[PDB]
Amino acid sequence: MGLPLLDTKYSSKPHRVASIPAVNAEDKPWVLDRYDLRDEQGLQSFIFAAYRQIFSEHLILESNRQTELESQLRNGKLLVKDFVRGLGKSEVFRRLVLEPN
Amino acid sequence: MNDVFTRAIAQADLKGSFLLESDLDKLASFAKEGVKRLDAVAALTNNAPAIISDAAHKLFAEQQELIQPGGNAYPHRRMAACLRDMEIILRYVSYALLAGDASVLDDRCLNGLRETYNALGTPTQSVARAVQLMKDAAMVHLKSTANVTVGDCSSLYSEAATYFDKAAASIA
Amino acid sequence: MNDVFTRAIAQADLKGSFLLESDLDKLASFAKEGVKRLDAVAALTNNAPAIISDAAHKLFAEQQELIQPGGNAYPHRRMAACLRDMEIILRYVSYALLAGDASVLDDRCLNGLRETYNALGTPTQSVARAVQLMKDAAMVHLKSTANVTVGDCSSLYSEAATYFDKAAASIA
Amino acid sequence: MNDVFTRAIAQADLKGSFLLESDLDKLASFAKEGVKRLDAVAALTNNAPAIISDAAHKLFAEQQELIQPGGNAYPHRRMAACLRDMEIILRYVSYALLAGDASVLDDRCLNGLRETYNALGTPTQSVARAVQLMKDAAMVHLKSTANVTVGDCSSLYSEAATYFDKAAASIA
Amino acid sequence: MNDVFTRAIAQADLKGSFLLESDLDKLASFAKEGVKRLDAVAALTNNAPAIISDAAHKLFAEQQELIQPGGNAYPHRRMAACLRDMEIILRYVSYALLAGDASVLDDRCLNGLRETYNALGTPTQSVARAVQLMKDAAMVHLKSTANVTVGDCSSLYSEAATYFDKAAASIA
Amino acid sequence: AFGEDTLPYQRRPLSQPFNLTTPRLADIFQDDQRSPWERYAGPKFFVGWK
Amino acid sequence: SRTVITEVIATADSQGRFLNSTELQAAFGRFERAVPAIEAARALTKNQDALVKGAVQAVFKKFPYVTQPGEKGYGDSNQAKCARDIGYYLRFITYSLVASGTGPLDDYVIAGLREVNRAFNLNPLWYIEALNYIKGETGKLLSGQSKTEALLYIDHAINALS
Amino acid sequence: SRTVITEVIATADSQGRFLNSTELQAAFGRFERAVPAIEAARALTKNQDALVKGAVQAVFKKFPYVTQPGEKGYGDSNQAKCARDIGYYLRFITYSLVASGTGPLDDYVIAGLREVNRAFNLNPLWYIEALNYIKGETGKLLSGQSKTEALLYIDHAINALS
Amino acid sequence: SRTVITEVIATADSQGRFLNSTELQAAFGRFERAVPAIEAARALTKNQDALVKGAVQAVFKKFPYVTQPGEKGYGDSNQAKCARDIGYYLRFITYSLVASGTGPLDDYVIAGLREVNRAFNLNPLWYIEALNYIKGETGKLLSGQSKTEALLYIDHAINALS
Amino acid sequence: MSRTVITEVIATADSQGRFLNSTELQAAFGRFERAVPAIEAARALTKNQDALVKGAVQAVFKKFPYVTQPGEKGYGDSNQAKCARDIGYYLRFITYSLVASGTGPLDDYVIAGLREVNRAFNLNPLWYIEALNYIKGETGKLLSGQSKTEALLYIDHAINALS
Ligand SMILES: CCC1=C(C)/C(=C/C2=NC(=C\c3[nH]c(/C=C4\NC(=O)[C@H](C)[C@H]4CC)c(C)c3CCC(=O)O)/C(CCC(=O)O)=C2C)NC1=O
Ligand SMILES: CCC1=C(C)/C(=C/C2=NC(=C\c3[nH]c(/C=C4\NC(=O)[C@H](C)[C@H]4CC)c(C)c3CCC(=O)O)/C(CCC(=O)O)=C2C)NC1=O
Ligand SMILES: CCC1=C(C)/C(=C/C2=NC(=C\c3[nH]c(/C=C4\NC(=O)[C@H](C)[C@H]4CC)c(C)c3CCC(=O)O)/C(CCC(=O)O)=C2C)NC1=O
Ligand SMILES: CCC1=C(C)/C(=C/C2=NC(=C\c3[nH]c(/C=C4\NC(=O)[C@H](C)[C@H]4CC)c(C)c3CCC(=O)O)/C(CCC(=O)O)=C2C)NC1=O
Ligand SMILES: CCC1=C(C)/C(=C/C2=NC(=C\c3[nH]c(/C=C4\NC(=O)[C@H](C)[C@H]4CC)c(C)c3CCC(=O)O)/C(CCC(=O)O)=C2C)NC1=O
Ligand SMILES: CCC1=C(C)/C(=C/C2=NC(=C\c3[nH]c(/C=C4\NC(=O)[C@H](C)[C@H]4CC)c(C)c3CCC(=O)O)/C(CCC(=O)O)=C2C)NC1=O
Ligand SMILES: CCC1=C(C)/C(=C/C2=NC(=C\c3[nH]c(/C=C4\NC(=O)[C@H](C)[C@H]4CC)c(C)c3CCC(=O)O)/C(CCC(=O)O)=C2C)NC1=O
Ligand SMILES: CCC1=C(C)/C(=C/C2=NC(=C\c3[nH]c(/C=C4\NC(=O)[C@H](C)[C@H]4CC)c(C)c3CCC(=O)O)/C(CCC(=O)O)=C2C)NC1=O
Ligand SMILES: CCC1=C(C)/C(=C/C2=NC(=C\c3[nH]c(/C=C4\NC(=O)[C@H](C)[C@H]4CC)c(C)c3CCC(=O)O)/C(CCC(=O)O)=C2C)NC1=O
Ligand SMILES: CCC1=C(C)/C(=C/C2=NC(=C\c3[nH]c(/C=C4\NC(=O)[C@H](C)[C@H]4CC)c(C)c3CCC(=O)O)/C(CCC(=O)O)=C2C)NC1=O
Ligand SMILES: CCC1=C(C)/C(=C/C2=NC(=C\c3[nH]c(/C=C4\NC(=O)[C@H](C)[C@H]4CC)c(C)c3CCC(=O)O)/C(CCC(=O)O)=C2C)NC1=O
Ligand SMILES: CCC1=C(C)/C(=C/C2=NC(=C\c3[nH]c(/C=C4\NC(=O)[C@H](C)[C@H]4CC)c(C)c3CCC(=O)O)/C(CCC(=O)O)=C2C)NC1=O
Ligand SMILES: CCC1=C(C)/C(=C/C2=NC(=C\c3[nH]c(/C=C4\NC(=O)[C@H](C)[C@H]4CC)c(C)c3CCC(=O)O)/C(CCC(=O)O)=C2C)NC1=O
């Protein structure tokens, strides 16, 4: 680590104040979880939704497909947090997202 | 996000100087009156639902367009958001009153609230009016002597009015 | 995100009034033509691969500059993204066709698409041309009478045409 | 992120043609002098603490107002941030020296750094001065003939000077 | 998490053959009686809160040691937890009712609930007793034919009894 | 917000999606890409009724 | 607002796919749905006034104390606001009928109901009883599919309130 | 596998909430839809041998090159495997018909289709236009809504092969 | 793209550290291997026309039926696109040789290969046949070590296709 | 932006999205009672600043003789001046922390980034530990009762962070 970080200096955003349910039910993004991983088609949909949330649906290509992470997830040895992190800590995420920006 | 002590220390540090006799005396005075300050912050915290209800009653008495269909507080989820915003602002005023500095109110609450309201379509002068109504309702609770030792609290009333007006003017 | 029924309901609630009997008649007629609408949406669904293939072939026959070294669809990756865009637009068009309201496009697809294409460097007129080619391709499959009860559905053809044109205009 | 070889490849592909024999000869010469390039990169890497310490000592001799109360390097966090920034820029210069192209240095380090320093209130001229001081303290080490085979590393010295000047000109 | 049709297809694939006409006949017999099943499940869903209130009242009545301190059901949050457990097991029985299979019951939670209740220390026979009595309470509502067209309901009652007792026997 | 079990999702009503508004790259020049005013200078490899 | 069509589209978009067979089957179900629901809405829209008056009178009847001075329900303005609120509930039940989904009720009435009731001291049981009276009255007004659909939406509102 | 009832129950339990109206009576829609689908399944189950035998030779008609020696279709055993594959596809179309969803066809056929087809160098167009022939013969065997049902399920299979 | 130098720098930059001795050893290996790789690139660059034409002809020989009417190989335009694509593959093989990494291939060719081939129905086996022809003629054109490098890259392309 | 009693209270109330409960104002009352000995200590410690700094410098030189000879850090008038300036900084921030009734001034202005700066400039933490030990000894005399304990807490915190 090292030094502490700077100050956040918050701002008014919808997520900060959401004690009341959102305006539209369908417009609430789907909350995928561990149970969705128990089925098989549900597991494929979960994997695609993860690739869409991180890689933006245009990088969902067979060359970009992390198969090791997917197999670990399918085992049950991998948390969703760790799957998301492994997608972030991947060569495709560095080369396609970090390098341009 | 500073109390009065931290602003004193930061202003002193910028000049690179110790804290002087007068500054230490002022800060000791602040600590001594912190008892009254805790009474005032408690009077805000205990009575928050009553303050919000009074402000809402008066505000929707005076401005009926808010609650008519096509209004901005009508659809009965916008009413909940109205009352929730009032409670948030009252909470941040109580934070600031405990601290002695309007920093937390300015940064954690009002930083971008104006453009948020403008994008939503919310009438900002009505929101400022609601904040001023909360100020009016809260002053009575602050001035209640029941179960509290009598004393001078004009400075605390002025500070609370300053914080409520700061919130209202930031929104407006 | 609004379909036709929710759009009517939102209008009525803005007026703060019950739905008219005339508007209920309009919604009933919509629900009556719903079977034809489902047939059209299913035609787009089934024929999406052929639609996108035909549109891509014509587009890259017309504009070689896209597929030249340095073009905006030159490598496999950029061409794959191009075809993905065509599929995404066709998919949102089918969504709107089913819902009977173009809110799906404007909300989810076309809200900031032109700014995105400018940021990427994508030729936006070429994207609009691809959308129009997809429209021409999809009209053929929507007109097909095979394996479907014969009838008149010109309102659906005009509806799908205006969603394709809305997508192209918002992009172009 | 590009090096000399990938820069040549990308330009050739934009021209849509194979690499000319002149380009392959240039890249062959680059690879042949690559061992001297590795020597310079290792000299920069192994002497990073020395370079940073000398640059810091010189900079805070020249510009005392940084380390005065109210300066931009006054407390320990700000001094540590200063030294950290110098280490980061030296790191990216060594990357760009190994690669042979300033694309990594400009893309990953200097692309938006002046805006950041302005937003932080940092004197960009002071940062540029620190970068030039690191240039001097580094070329002291690149020219260290001891422990390596003697040879003509003038091209590498010029390349390192250009990278450091590019950093200084970008920040200021 | 399987349906009667899903189970039939699973066995058909296991034997490697197509679906036999007797299996199709029994599926058709199930499907023609679908509105039976839907009315039962929907009435159970609508009247569930009253069922749970009655169940809580009685389980407090016959079983006394829980309500006083020291029992596995004294605290108020523990009351919320117990109400949630009875609600969710009723809901799972509703799921098994609509699906027509107990795999939606056995697999999801009954597997883990065993070791869960063994680790917690709350007696399991009390849980099974509460399951049976809440079954009786819900069955009373399921009898209610008013506001709905009259018909036979014996098979659904038998299936519901089997599923309730299966859940109890698993827990016990 | 999400924990160890839930997959991330945008905490905004999704009528204004993120990935549409934010691309992976915005307003940069690419090496493999070619300026819109430029034209290809290489083998034509065919003449289709030019 | 949530609907059969709208959830179909949301589900299709979440998985980045076109509408498959089951989605269009649900759409067909809602399209056949519409007719009885629209007759239910027409019947409730024709008879809105009698229903509102009956509901307000029943609320006074089973809560005699609120009618008295010093209580919530006393006054001409308060009872006019009661009538307006019951009109709101009936209007949103008709909206849910026409949409063939609980989108309108959840969007307007249900979302934030508890906080508003707690802040304005509006006892939910008044509205629950008014909904029960509306349930009874539409037990006479409607029959068949329409009766079931209207009662279903009124029950949804009742569970949400309670 | 995945079915409409399975979707309803999984969604309802995922939120831990009882079933809402759309779920119940979309299950109603499926219950009604069961009647033509099961007839379609029986009709498809009657004629399976003729359908498979026609499909293999339809493939050979459209794609002759697969038959000459050194290609995949050459040999008796390879054609027997072709017949077995087409029988699999037809059986799963029937399974989807009885299941009212593409579930059995998705988990039993679509799941891992492309990598397996690539590993064994099976050209998907073979299966695509064999399924097209099956669609054409359903064009005569069936009639009415069941017709559409069969067609759309075959649709899905084709949609997944391309 | 992805070379030895670029992987070295990116690995250092992802852990936020200076380039240490192992990274410089890898870079040294690259700089020593640059001579045979540049030799191989020059050899394949000199004879590009013969290689491309022979590869196209080998593709046509392996699959005669494709050049028949109604198939992908018929017409001057389609064969011109054949020659263009083989030229692309050869160009990127030489780019990968010069770069001493499969980065140019992985970025330009392999990224998005399946989607594009399936969208335009391009058989990967055509390209594998052409690359096998290139593999064969590289042995004649190249001797010793440059042959080994070129073969590494052509094999990488082939495995990417198959 | 410091971490003080009042501000930690406000932050833990904000993070939970609730008002200030009893215990928060309760700890705030504790702090406001705390402040009088803290201000007394800060006054008695800012009055004697120059003698304290001078004694600390001389004590560091006495305990570390080797730094004084030519060719070391301590050789030179300028290094003398910067020793005095550093110890003055430490004393000033200790008084700040006393006034604020927290370690925010020390943890933000001195402690954060301490090791990096010491390492880069080859400053030895033991010099400042000896200076702070001398200051501790002297404030043992200068302060009586509560004030002495309050000053010693923060001097000990600085010494612990130096180590
Ligand atoms: C922690 C600091 C913070 C604050 C204070 C804050 C307020 C805030 N209020 C909002 C909406 C709102 N705010 C109001 C309240 C106003 N409308 C009427 O005019 C009333 C008279 C008046 C209340 C005094 C209403 C009705 C909405 C809902 C607008 C909508 O739903 O479209 C929103 C947009 C998101 C949403 O609630 O849907 C924010 C972000 N957010 C923050 O992060
Ligand atoms: C539970 C948290 C907490 C609270 C609430 C608190 C308040 C508090 N107020 C006190 C007296 C007091 N309280 C007040 C404030 C009052 N003067 C006017 O009447 C105003 C209406 C009102 C405030 C707005 C004053 C002025 C004093 C006497 C201080 C003096 O000597 O002037 C005292 C000491 C009296 C005793 O203990 O018998 C306390 C402890 N302390 C706490 O730890
Ligand atoms: C909400 C629905 C949605 C849409 C509509 C959408 C469009 C879209 N297309 C993109 C890329 C692209 N889009 C194209 C399309 C062009 N290529 C040729 O010029 C054609 C004429 C034309 C297509 C017909 C190309 C080539 C790219 C690749 C750019 C790149 O890789 O950087 C991107 C950049 C984000 C990324 O690559 O990760 C977006 C946001 N994205 C969405 O999430
Ligand atoms: C399971 C999925 C599903 C589908 C696909 C579906 C569509 C559907 N289309 C129908 C007839 C029809 N379909 C169409 C539309 C077609 N007419 C052609 O000429 C046009 C090319 C085309 C316009 C898109 C028309 C005009 C009818 C006649 C009945 C009517 O208009 O209401 C019918 C009634 C059967 C009949 O009496 O013929 C259904 C159920 N419903 C479903 O539940
Ligand atoms: C926030 C409070 C703060 C502290 C504590 C601080 C310490 C500090 N002391 C410094 C200089 C120095 N300070 C000393 C102290 C030594 N002098 C000798 O007489 C003694 C044995 C010994 C002290 C006990 C020395 C030798 C240097 C020069 C080191 C160098 O530049 O090489 C520097 C580098 C700035 C410069 O070059 O002038 C820092 C950052 N800076 C701060 O902003
Ligand atoms: C890889 C590209 C990159 C770099 C290099 C970079 C540097 C950088 N310098 C920062 C602050 C700083 N930078 C400096 C250094 C400057 N001020 C001093 O006077 C010197 C004259 C001068 C250095 C030679 C200082 C003192 C700060 C602290 C500002 C503060 O804490 O308020 C910060 C933010 C504060 C933080 O989180 O700690 C960043 C991100 N950011 C990047 O994305
Ligand atoms: C494991 C990491 C690694 C290191 C440490 C390394 C150093 C290194 N430098 C070498 C030659 C050399 N090194 C240099 C560089 C020097 N010229 C001037 O004196 C400068 C002070 C200095 C560079 C700025 C030169 C000029 C040569 C001879 C170049 C040649 O003969 O081709 C050689 C080969 C020995 C030879 O050519 O006879 C090595 C291994 N190479 C590596 O792969
Ligand atoms: C220590 C943890 C704990 C809490 C917090 C608790 C609250 C509680 N009060 C209950 C019943 C009750 N609560 C009340 C009190 C209210 N009802 C009337 O309206 C009065 C006017 C009003 C009093 C001001 C009454 C009278 C009952 C009896 C209802 C019955 O069981 O028949 C029940 C139902 C089960 C039971 O206790 O038999 C609970 C759980 N119970 C606990 O074990
Ligand atoms: C996967 C679906 C699921 C199941 C299967 C489930 C059962 C369940 N009951 C639990 C504890 C409990 N279980 C009970 C119920 C028992 N105690 C008495 O009331 C009765 C004899 C009996 C019920 C008839 C109670 C009261 C607790 C609370 C124990 C505590 O908080 O310490 C726990 C421990 C964690 C928690 O309560 O959140 C689980 C998981 N909960 C679920 O979300
Ligand atoms: C909104 C979702 C939904 C509901 C609630 C629903 C109920 C429902 N069930 C029906 C048929 C029926 N439903 C029943 C079942 C009832 N008979 C009694 O035993 C029980 C109270 C109950 C079974 C537990 C019967 C007996 C029929 C007559 C048709 C038959 O079974 O032959 C009908 C057609 C009315 C008619 O015959 O004209 C409806 C609307 N349908 C729906 O789509
Ligand atoms: C979208 C749907 C919606 C609902 C449900 C709703 C409830 C509602 N009713 C209100 C007025 C009121 N509502 C009542 C209660 C009624 N009057 C009594 O006669 C009856 C016993 C009782 C009804 C059964 C009263 C007394 C008022 C006026 C006083 C007050 O608001 O506290 C108000 C406050 C408006 C104002 O400040 O003037 C709300 C928010 N608002 C909505 O926008
Ligand atoms: C339940 C889902 C399922 C499917 C769909 C399925 C198809 C299937 N067919 C296979 C073999 C085969 N299938 C064919 C048939 C092809 N060649 C020609 O005859 C035809 C034109 C064409 C068929 C339309 C051939 C030639 C093979 C042998 C491939 C080989 O061994 O190289 C294989 C590989 C098994 C093996 O090689 O031992 C599979 C997975 N298997 C399944 O378990
Ligand atoms: C990065 C490198 C790259 C490659 C490799 C590439 C291949 C490629 N070839 C294409 C067309 C084509 N390519 C061929 C190749 C066939 N011709 C003969 O018959 C052979 C059997 C066979 C070649 C061995 C054919 C027939 C087409 C036309 C397909 C169509 O228009 O649908 C297309 C469609 C876009 C267009 O030109 O309109 C692509 C993307 N594109 C690239 O950007």
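The numbers here are math on the coordinates, done by the rules we state, and not lab data. Note: ideal-geometry Cβ built from the backbone for every residue, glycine included; neighbour counts use all protein chains shown.
Calculated on the alpha-carbon coordinates, the convex hull of chain A measures out at 189 cubic angstrom per residue.
Remind me, relative contact order of region D:110-172 in percent, using alpha carbon pairs under 8 angstrom and six or more residues apart? Write out the running numbers ahead of the final one.
Working: 35 pairs, mean separation 38.7, N = 63.
Worked out over region D:110-172, it gives 61 percent.
In region J:12-66, which chymotrypsin sites (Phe, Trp or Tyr not before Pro) fall in coil by DSSP and have 12 or fewer other Cβ atoms within 10 Å?
Numbers: sites: J:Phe19, J:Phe29, J:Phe32, J:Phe61, J:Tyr66; in loops: J:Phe19.
Here no loop site has a sparse enough neighbourhood.
Mind checking region I:1-79 for chymotrypsin sites (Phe, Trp or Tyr not before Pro) that DSSP puts in a loop (not H, G, I, E or B) and that have at most 13 other Cβ atoms within 10 Å?
Details: sites: I:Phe18, I:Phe28, I:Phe31, I:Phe60, I:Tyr65, I:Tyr74; in loops: I:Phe18, I:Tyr74.
For chymotrypsin sites (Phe, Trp or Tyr not before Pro) across region I:1-79 that sit outside H, G, I, E and B with at most 13 neighbouring Cβ atoms in 10 Å, the list reads I:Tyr74.
Here, region G:57-162 is characterised by an Rg to Rh ratio of 0.98, where Rg is the alpha-carbon radius of gyration and Rh the Kirkwood radius.
Could you give the dipole magnitude of the protein assembly as shown about its Cα centre, charging the beta-carbon of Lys and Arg +1 and that of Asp and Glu -1, in debye to the nearest 20? Intermediate results must be reported in sequence, preceding the final value.
On the way: 162 positive and 164 negative charges, 99 e Å.
Around 480 debye, computed over the protein assembly as shown.
Between the listed residues D:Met139, C:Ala48, C:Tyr92, the Cα displaced farthest toward the positive end of the dipole of the protein assembly as shown, a dipole computed from Cβ unit charges relative to the Cα centre, is found at D:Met139.
Compactness ratio for region I:1-116: Cα radius of gyration over 2.2 N^0.38 Å (N = residue count) comes to 1.42.
Under the criterion of Cα pairs below 8 Å and six or more residues apart, the relative contact order for chain H equals 31 percent.
Label sites at I:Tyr74 and H:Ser143, each approximated as a point 7 angstrom past Cα along Cα to Cβ, lie 4.0 nm apart.
Rounded to the nearest 0.05, what FRET efficiency do H:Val35 and E:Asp152 give with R0 = 35 Å and r taken as the Cβ-Cβ distance? Could you check? Write out the running numbers ahead of the final one.
Working: r = 20 Å, r/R0 = 0.58.
After rounding to 0.05, the efficiency reads 0.95.
Using only Cα atoms, what is the ratio of the radius of gyration of region G:61-105 to 2.2 N^0.38 Å? Walk me through the numbers on the way to the answer.
Numbers: Rg = 14.4 Å, N = 45, 2.2 N^0.38 = 9.3 Å.
The value comes to 1.54.
In this label model, G:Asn159 and I:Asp49 are separated by 7.9 nm, measuring between points 7 Å along each Cα→Cβ vector.
P(r) tail for region E:1-146: Cα pairs beyond 18 Å make up 65% of the total.
Show log10 I(q)/I(0) for region C:60-172 at q = 0.16, 0.18 Å⁻¹, two decimals, from a solvent-free Debye sum over equal Cα scatterers. For the requested q values the scattering log ratios are -0.77, -0.92. By the Kirkwood approach, averaging reciprocal distances over each pair of separate Cα atoms, region D:7-91 gets a hydrodynamic radius of 16.5 Å.
Counting every C-alpha pair in the protein assembly as shown, the share spaced more than 69 angstrom apart comes to 21%.
Just the number, please: Stokes-Einstein D of region B:117-164 in µm²/s, Kirkwood Rh from C-alpha pairs, 4 °C, 1.567 mPa s. Show your work: numbers first, answer last.
Working: Rh = 12.5 Å.
The Stokes-Einstein estimate is 104 µm²/s.
By the Kirkwood approach, averaging reciprocal distances over each pair of separate Cα atoms, region E:58-124 gets a hydrodynamic radius of 13.4 Å.
What value in Å³ per residue do you get for the convex hull of the alpha-carbon atoms in region C:89-128?
Numbers: hull volume 2.5 nm³, N = 40.
Dividing the Cα hull volume of region C:89-128 by its residues yields 61 Å³.
A straight line joining the Cα centroids of region J:64-136 and region I:118-162 runs 68 Å.
Bin width 5 Å, origin at 0, all Cα-Cα pairs of chain F: what percent of pairs per bin? Per 5 Å bin, starting at zero, the Cα-Cα P(r) for chain F comes out as 4, 11, 12, 12, 12, 9, 9, 10, 6, 7, 5, 3, 0 percent.
Phi-derived couplings, Karplus 6.51 cos²θ - 1.76 cosθ + 1.60 at θ = phi - 60°, listed residue by residue for region G:73-79: x, 6, x, 6, 4, 5, 6 Hz, with x used for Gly and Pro.
How do I:112-122, B:153-163 rank on mean C-beta neighbours within 10 Å, highest first?
By packing density, highest mean first, the sequence is I:112-122, B:153-163.
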